[PDB]
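Residue numbers (our numbering), protein chains in the order written: chain E, 5 to 69; chain R, 106 to 1305; chain L, 45 to 93; chain C, 422 to 471; chain G, 9 to 56; chain D, 328 to 376.
For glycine and all other residues, C-beta sits at the position ideal for the given N, C-alpha and C.
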Amino acid sequence: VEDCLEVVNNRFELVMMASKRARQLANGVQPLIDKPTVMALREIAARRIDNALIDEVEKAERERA
Amino acid sequence: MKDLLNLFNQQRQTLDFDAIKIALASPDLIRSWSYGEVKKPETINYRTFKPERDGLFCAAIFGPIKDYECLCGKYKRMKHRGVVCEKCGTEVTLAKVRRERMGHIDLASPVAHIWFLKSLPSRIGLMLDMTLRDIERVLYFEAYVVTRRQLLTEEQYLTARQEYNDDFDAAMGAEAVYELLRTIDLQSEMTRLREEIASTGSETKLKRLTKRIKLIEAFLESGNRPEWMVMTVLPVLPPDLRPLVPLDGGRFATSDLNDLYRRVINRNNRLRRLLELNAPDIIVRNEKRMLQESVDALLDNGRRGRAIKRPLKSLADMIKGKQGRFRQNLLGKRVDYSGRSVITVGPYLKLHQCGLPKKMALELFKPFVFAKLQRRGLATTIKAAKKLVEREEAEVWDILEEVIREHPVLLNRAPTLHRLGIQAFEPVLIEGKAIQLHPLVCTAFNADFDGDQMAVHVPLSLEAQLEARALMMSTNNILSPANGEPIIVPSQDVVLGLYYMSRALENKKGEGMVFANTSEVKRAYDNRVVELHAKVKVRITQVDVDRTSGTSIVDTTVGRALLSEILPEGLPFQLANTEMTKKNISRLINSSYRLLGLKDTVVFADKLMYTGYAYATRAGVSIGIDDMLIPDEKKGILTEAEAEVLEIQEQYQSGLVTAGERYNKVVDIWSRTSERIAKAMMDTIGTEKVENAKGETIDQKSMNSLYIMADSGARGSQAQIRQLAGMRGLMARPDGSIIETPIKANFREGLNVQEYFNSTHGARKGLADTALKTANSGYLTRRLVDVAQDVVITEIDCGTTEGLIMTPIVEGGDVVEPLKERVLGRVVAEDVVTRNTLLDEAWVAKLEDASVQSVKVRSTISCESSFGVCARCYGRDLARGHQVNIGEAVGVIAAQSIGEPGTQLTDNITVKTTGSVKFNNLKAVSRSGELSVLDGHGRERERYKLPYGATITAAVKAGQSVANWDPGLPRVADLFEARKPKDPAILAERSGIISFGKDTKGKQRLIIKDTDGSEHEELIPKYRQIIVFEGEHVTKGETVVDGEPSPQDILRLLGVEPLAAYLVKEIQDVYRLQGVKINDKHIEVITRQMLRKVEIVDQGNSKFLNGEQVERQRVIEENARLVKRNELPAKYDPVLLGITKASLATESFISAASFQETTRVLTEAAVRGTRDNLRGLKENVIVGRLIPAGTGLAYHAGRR
Amino acid sequence: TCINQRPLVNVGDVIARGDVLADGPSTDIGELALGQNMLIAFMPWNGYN
Amino acid sequence: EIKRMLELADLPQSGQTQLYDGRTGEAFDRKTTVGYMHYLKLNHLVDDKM
Amino acid sequence: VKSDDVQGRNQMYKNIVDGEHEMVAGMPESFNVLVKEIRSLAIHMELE
Amino acid sequence: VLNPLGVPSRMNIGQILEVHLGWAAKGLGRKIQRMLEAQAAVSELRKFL
RNA sequence: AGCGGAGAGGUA
DNA sequence: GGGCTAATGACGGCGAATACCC
DNA sequence: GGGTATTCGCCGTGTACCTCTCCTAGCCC
Ligand SMILES: [Mg+2]
Ligand SMILES: [Zn+2]
Ligand SMILES: [Zn+2]
């Protein structure tokens, strides 16, 4: 959790970003790298997923719906 | 009764609003509220289960009993909606409208509301300009009212009617008060009162006039009416909110509101029957008096009438109090997905995981088990899945093990006075009936293992699970919220093993050899060829951080070399080279958290607890009756004290000394005897074992169980050891007197009955003391939480360059708080260093090497933010060593950290330490003298006070005198509430030359002459002393009366920052006399919350004698002086309020009516017609929205 | 809880006025019995105590 | 009196004897106090609270 | 969601047993009880 | 297996004397059982009592 | 068949 | 037996009315 | 009219949990 507090300064923004990534992963999607929240935190700490990419995936899922 | 088709549809209510408006209710609006009128006081008819028509429980007024059903049964279908039956008139609708619809009562005579009359700020008394006793006599039918405002006895009314021949009208009762409230105007009376306000010259009459002006202004700008205070139409509660409870045998439980409603309806029907009969005036007067008394018992029972062995509840008692509808159902709610069990200790667990029973986790994780059983295909429906769960095969255990793997649970202690009372753990399935817990967790929980129960909760949403993983995990909460020390400390059984392993002996087997590395030491110890306590010079390789590796040879112990296998590469060997004690391992854990990180400290603490248990099991430490030694010196000093007390008894009986001085000499020589016996016992316990090395007996420290358990830590101190070896000394009585004879026997020998009587007396006194301490600590914690709850870190930078001067606190003895503790944790204001830079331990070490005395700091008492605290003015966080995040509620943490140790609370200037003496504010002719000293490092250890005319004798050594001669928790509660003392110190009002007194007219007068300004006279009582010289000069803020000063005259005279400095100094003095360590940011934000209100004296937009907020007055002043004005803003002074008055004086009527005096805040919000903007933390809990602190700040940013 | 009165006298033995005939619940032959007797060792054992 | 009743049988005087560990078979460093204590059971069960 | 709301606990339970994640919060019913108890004291309390 | 750390904190040492007296009582009971196990005389039991 | 107001005892 | 039937063993802090001679 | 001096009330005084009993019953037949 130290790397997750290293890639972003604020903690609540990290919580909201991991919540959005876990909501995207729970509906069924391929991850960047077993629980959805733990995989979201591992994808955050590996500097693979960004908030802009999360918003792009959410916009693609809203357009596909 | 039962309905399943309507139950499936959801999202019917949006529940989206912005504000909450509370005001009065007109009788036409109350008539538009209800749906029917009740007329009979009959709820349920006898010998049948059917409601009574036009009663308290009726179907024509509120709603049907059964769902989609009438009373007769003509309509028994769900398709019929909005149709009223013909025989019994009710709507065929849902049965949930009985909880929403309400009724009303048409009263034959108007009555007065008791919330506008019986309150001490009476509104009808201020609006009609009448006293309370006159309206109390008029409303209770004892006198008359002319219609200009004077009282009339019935005999005087008869003489007035005979003299006026029945021409002037005069009425009695509430109808005359209603006519008086109807025929008054709000505009012309306001202009008349403003005309009288410019001609008055009195003090209290001006206060009455501006109170009447404020009441008329509130009645004008609220949109209400003065005649709406009397109640013509009385609304009733819905019957589903006040249900009847049945008992066995057909009986029903008694109710409180139903009996009052039946009494009101019965007296109203009796009044209607007496009015239709055309009764005389006495009978209808008594009936109206009984109607007023029943309305008073219905609204607020127990105030004036107290209608009944036990008084029943009413509408006023159902809101206020602890058992009301506000504290039992809104703040604290019963939750599901939760349970409790007893706790045991689990040494095999990790820090982030805990134990959980199998059936308990099966009951808690039942919906996830049902969902996984539906997904796996083992059951088509949930009924077969539930039967497979209750059958308890192996597949449900596989499902329960697969579900609980990555799902955290919230473990909670039943008292939650700590910030860390709720922690998140990853549970495992154990074969038991208790909840296993890690031993490093119960220190922060303050939980024992004898009958302790802990309630668990499971988060089920994804956001709640991620919040519990991020900011509630036990591995993330290492540091304490009060101080910088970590809350995880190794307890007694592991520091006992560490102290047994780290000690060294003189002569042991296997010493004097050289080993290669740590693995050779382990291989030599595991083959039983070398003892654990042996001075063996080993060679270890450690890297040094700035990472360069190095090797060296150190002369250590075998146990200290075995301890080096668990230390990481970052920690140096200078910390683990000494003997392991409680403070040594505490500062070692602190250094490992400071210079290495987070997870390495967690795994190091886990390995440390493991090796502590492993080397405390192999030690076999046991206490017995042979470990406690009894000296002959104890008997020697006992016979010496017996001879000396016989000598002083003969000297007292001879007639040379009195009884009290002899008794004081007796208790002093017995205290000296007990001190000498305790010193001899500590000398014969701690220095008992003498070892022989190389044929010579060299003295070393003894290895006894009691001495090791006293020296290691996390056990009893030396006061507990001296009660077992030597005598326990004198005993204290609760009246204040010490007993003349002590207890000259420990627990190892026998105790007499007269000593055991004093022992159980002291035990009962201590038990009552800690009971009242726990109660007062809980009350102070609740008050401090409700005071400081609006401060939220909103912005990152403000731009305030005010600052605060930090000085080390010396109170005439040992230091209270040094510079390295008070400075560390905040940014600086002025260059001492670079401004707006967070200070670390390296900066504190650099400032200590530079020998700095005072540095300007940025505190929260001087901030320029709008409804919040800046992130830079607060400094660093207490749980994490970095900067405080945006959105952290720093008020609740501060109040909880102040409320931590409340259950644990309770001439000659000769220097003690050496160092150079430097005078401060000296000229001996000096008003305020400080005899501060400077040590070699540059810190101030001693600081003594110097009176007027102190002769100083003086690179000054210790043991000399520079100036020779010149002839608990209620304290913290009185500091926070700022109560006036019994003897208040009168300070100087103005800075001028002191003059002689005036003529004495019962009180002393003191005038201070100025250059151009006139002298000001201050009255003082002649009972107290006074020290004013004739030919002397008095500076600003000097104290002319010796006594305890109040916060008010300290705040209003010289400034704000010395007031906060004095408050922080006194609170830290109390908390360091206790022994605990609490940071000063909590006291600073409490002082900032206490200074929220401001008082103006002459303004153009607002009034001249009203209080307002600081930031609101500032934004109104800048909006006034920004455009088309030059002399707009006014000068104001800061005012102080206590903790009981700061939370009540709030524009939010929900949070102000939350803890104390609900009726006063409710009637104030009803009269003024306030609007709650929901800009708080508790009102978002009451309404049900998100908390505007932490993860909910983005929702409040996107909402507005 | 369960209460029980088990007898303790035998067949054909003389007694006096005041002797017990049946031990009551949590009661010995004439002494009060609350618990059992078992070996105690005062030592830390792997953190389980 | 307690020391005399201890010394009447084949028991040590101080009441502390050296016992071995059952897990590894090794001997402890010190002697512990071994004896019989009248230990009872309370009514606060684990089934009533869980 | 867990304690006070009538429809909220049913929606959360069916979202748990269905697999989807859509949390819709609402006002507690005890707040409506407090509003109906304040309105019985002839004091108008409106949710603007 | 009890914990000896509670003894200096709670400041009671009557349990240690109770442990020693129970150890002496169990030793006396074992000696009486060893005396009555073999064929012993009445005078040895009389002088032991 | 579910919704409760007092009184008493006990644990942390 | 049966079915309706309307006490005076607390304690502390605090804002507001009386009493009254100058 | 206007300052002390008592004085009558108003309002508050820790949390969590586990067992048990008893609930308006009175009367002229
Ligand atoms: Mg306990
Ligand atoms: Zn009908
Ligand atoms: Zn600021």
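Task: Burial state of residue 359/R (16 or more Cβ within 10 Å) - done: By one-based count along the second sequence, residue 359/R stands at place 254. Exposed is the call here.
Open item on the list: Residues of the region 985-1010 of chain R in Cβ contact with chain C at a cutoff of 8 Å, in chain order, please.
Closed with: If the cut-off is 8 Å between Cβ atoms, the region 985-1010 of chain R has nothing near chain C.
Task: Pairwise C-alpha distance: residue 25/G and residue 31/E - done: Taking the first residue of the first sequence as 1, we reach residue 31/E at position 27. Taking the first residue of the fifth sequence as 1, we reach residue 25/G at position 17. When rounded, the distance between both Cα atoms is 14 Å.
Task: Beta-bridge partners of residue 587/R, as assigned by DSSP - done: Taking the first residue of the second sequence as position 1, residue 587/R is located at position 482. Its beta-bridge partners do not exist; DSSP assigns none.
TODO: Below 6 Å CB to CB, which residues in the same chain sit around residue 1244/R once its five sequence neighbours on both sides are set aside?
DONE: Position 1139 of the second sequence holds residue 1244/R. 888, 892, 1081, 1082.
TODO: Just tell me which of 442/R, 177/R, 714/R, 897/R has its CA closest to the CA of residue 196/R.
DONE: As a working mapping, residue 196/R is identified with position 91 in the second sequence. Minimum Cα distance to residue 196/R is reached at 177/R.
Open item on the list: If we require 4 or more residues per run, which alpha helix (DSSP H) segments fall completely within the region 672-724 of chain R?
Closed with: As far as the region 672-724 of chain R is concerned, its whole alpha helix (DSSP H) runs of at least 4 residues are 687-700, 704-722.
TODO: Within its chain, find whatever has a CB closer than 8 Å to the CB of residue 1075/R; leave out the 5 residues flanking it on each side and keep chain order.
DONE: On the second sequence, residue 1075/R is found 970 positions in, with the first residue counted as 1. Apart from the 5 residues on each side of it in sequence, residue 1075/R sits with its Cβ closer than 8 Å to the Cβ of 881 in its chain, given in chain order.
Open item on the list: Please tell me whether residue 348/D has its Cβ less than 8 Å away from any Cβ of chain R.
Closed with: Residue mapping note: residue 348/D aligns to position 21 of the sixth sequence, counting from 1. Chain R contact via Cβ: absent.
Open item on the list: Could you compute how far the alpha carbon of residue 299/R sits from the alpha carbon of residue 318/R?
Closed with: For this step, residue 299/R is matched to residue 194 along the second sequence. For this step, residue 318/R is matched to residue 213 along the second sequence. Between the C-alpha atoms of residue 299/R and residue 318/R there is a straight-line separation of about 8 Å.
Open item on the list: Please return the same chain residues whose Cβ sits closer than 6 Å to the Cβ of residue 490/R, not counting the five positions on each side in sequence.
Closed with: Counting from one through the second sequence, the residue named residue 490/R turns up at place 385. Once the five neighbours on either side are set aside, the close Cβ partners of residue 490/R are 475, 478, 484.
Task: Paired residues, beta bridge with residue 339/R - DSSP - done: Locating residue 339/R in the second sequence gives position 234, where the first residue counts as 1. Bridge partners of residue 339/R: 210/R.
TODO: Could you work out which residues of chain C lie near residue 354/D, taking near to mean beta carbons separated by less than 9 Å?
DONE: Position 27 of the sixth sequence, counted from the first residue, corresponds to residue 354/D. Those within 9 Å of residue 354/D in chain C are 426, 427, 429, 430, 431, 432.
- [ ] Indicate the three-state DSSP secondary structure (helix, strand or coil) for residue 366/D in the structure shown.
- [x] Position 39 of the sixth sequence holds residue 366/D. The answer is coil: DSSP assigns residue 366/D none of H, G, I, E or B.
Task: Within chain L, the residues that residue 721/R reaches when beta carbons sit closer than 7 Å - done: To locate residue 721/R, count along the second sequence from 1; it is residue 616. The answer, in chain order, is 88.
Open item on the list: Determine whether the beta carbon atoms of residue 836/R and residue 848/R lie at a separation below 8 Å.
Closed with: Along the second sequence, read from residue 1 onward, the residue named residue 836/R stands at position 731. Along the second sequence, read from residue 1 onward, the residue named residue 848/R stands at position 743. Result yes, Cβ atoms of residue 836/R and residue 848/R sit closer than 8 Å.
Open item on the list: Helix, strand or coil for residue 517/R? Go by DSSP, reduced to three states.
Closed with: Taking the first residue of the second sequence as position 1, residue 517/R is located at position 412. It is a strand residue.
Open item on the list: Taking CB distances under 8 Å as the criterion, tell me whether residue 483/R reaches chain D.
Closed with: The count along the second sequence starts at 1 and reaches residue 483/R at position 378. Output row for residue 483/R: interface = no.
- [ ] Have a look at the DSSP bridge pairing and note the partners of residue 1138/R.
- [x] If you number the second sequence from 1, residue 1138/R lands on position 1033. 1098/R, per the DSSP bridge assignment.
Task: Contact the region 608-619 of chain R vs the region 577-592 of chain R: 3+ CB pairs below 8 Å - done: The region 608-619 of chain R vs the region 577-592 of chain R: no contact.
Open item on the list: Helix, strand or coil, according to DSSP, for residue 640/R in the structure here?
Closed with: Locating residue 640/R in the second sequence gives position 535, counting from the first residue. Here DSSP, grouped into helix, strand and coil, assigns residue 640/R to strand.
TODO: Would you list the residues sitting across from residue 1199/R in a DSSP beta bridge?
DONE: The residue labelled residue 1199/R in the question sits at position 1094 within the second sequence. The partner list for residue 1199/R (beta bridge, DSSP) reads 1213/R, 1239/R.
Open item on the list: Here's the rule I'm using: 16 or more other beta-carbon atoms within 10 Å means buried, otherwise exposed. How should residue 224/R be labelled?
Closed with: For this step, residue 224/R is matched to residue 119 along the second sequence. When all chains shown are included, residue 224/R counts as buried.
- [ ] For residue 1025/R, write down the residues that DSSP places opposite it in a beta bridge.
- [x] Start at 1 with the first residue of the second sequence, and residue 1025/R comes out as number 920. Answer is 1035/R.
- [ ] Taking all protein chains shown into account, decide if residue 80/L is buried (16 or more other Cβ within 10 angstroms of its Cβ) or exposed.
- [x] Translated into positions along the third sequence, residue 80/L becomes position 36. It counts as exposed.
- [ ] Drop a sphere of 10 angstroms on the beta-carbon of residue 79/R, count the other beta-carbons inside from all chains shown, and report buried for 16 or more, exposed for fewer.
- [x] Because chain R here runs from 106 to 1305, residue 79/R falls outside it and cannot be looked at.
Task: Simplified DSSP assignment, three categories, for residue 288/R - done: For the purposes of this step, residue 288/R is taken as residue 183 along the second sequence, with counting starting at 1. Residue state, collapsed to three classes: coil.
TODO: Report yes if the C-beta of residue 171/R is less than 7 Å from at least one heavy atom of ligand 2; otherwise report no.
DONE: Locating residue 171/R in the second sequence gives position 66, counting from the first residue. No - ligand 2 has no heavy atom lying nearer than 7 Å to the Cβ of residue 171/R.
TODO: Below 8 Å on the Cβ atoms is my guess for residue 1270/R versus residue 1260/R; work out the distance and round it to an integer in Å.
DONE: Stepping through the second sequence from its first residue, residue 1270/R is reached at position 1165. Stepping through the second sequence from its first residue, residue 1260/R is reached at position 1155. Their Cβ separation, rounded to whole angstroms, is 15 Å, which puts residue 1270/R and residue 1260/R out of contact at 8 Å.
- [ ] Flag this pair as touching only if the region 249-258 of chain R and the region 436-454 of chain R have three or more C-beta atom pairs under 8 Å; answer yes or no.
- [x] Judged by pairs of C-beta atoms under 8 Å, the region 249-258 of chain R does not touch the region 436-454 of chain R, as fewer than three such pairs exist.
Open item on the list: Just to confirm, is the Cβ distance from residue 686/R to residue 537/R under 8 Å?
Closed with: The residue given as residue 686/R occupies position 581 in the second sequence. The residue given as residue 537/R occupies position 432 in the second sequence. No, these two residues do not count as a Cβ contact at 8 Å.
TODO: For residue 453/C, go through chain L and note every residue whose CB falls closer than 9 Å to its CB, in chain order.
DONE: Position 32 of the fourth sequence, counting from 1, holds the residue named residue 453/C. Those are 85, 86, 87, listed as they occur along chain L.
Task: Euclidean distance between Cα positions of residue 145/R and residue 209/R - done: Along the second sequence, read from residue 1 onward, the residue named residue 145/R stands at position 40. Along the second sequence, read from residue 1 onward, the residue named residue 209/R stands at position 104. Looking at the two C-alpha atoms, the distance is approximately 12 Å.
- [ ] For residue 874/R, return the contacting residues in chain D, with the cut-off set at a CB-CB distance below 7 Å.
- [x] Indexing the second sequence from 1 puts residue 874/R at position 769. Within 7 Å Cβ-Cβ: nothing; residue 874/R doesn't reach chain D, min ~18 Å.
Task: Contact the region 1043-1058 of chain R vs the region 1010-1024 of chain R: 3+ CB pairs below 8 Å - done: Judged by Cβ distances under 8 Å, the region 1043-1058 of chain R makes contact with the region 1010-1024 of chain R, as three or more pairs qualify.
Open item on the list: Between residue 1148/R and ligand 1, is there a pair consisting of the residue's CB and a ligand heavy atom that are separated by less than 7 Å?
Closed with: Position 1043 of the second sequence, counted from the first residue, corresponds to residue 1148/R. Checking the Cβ of residue 1148/R against ligand 1 gives no.
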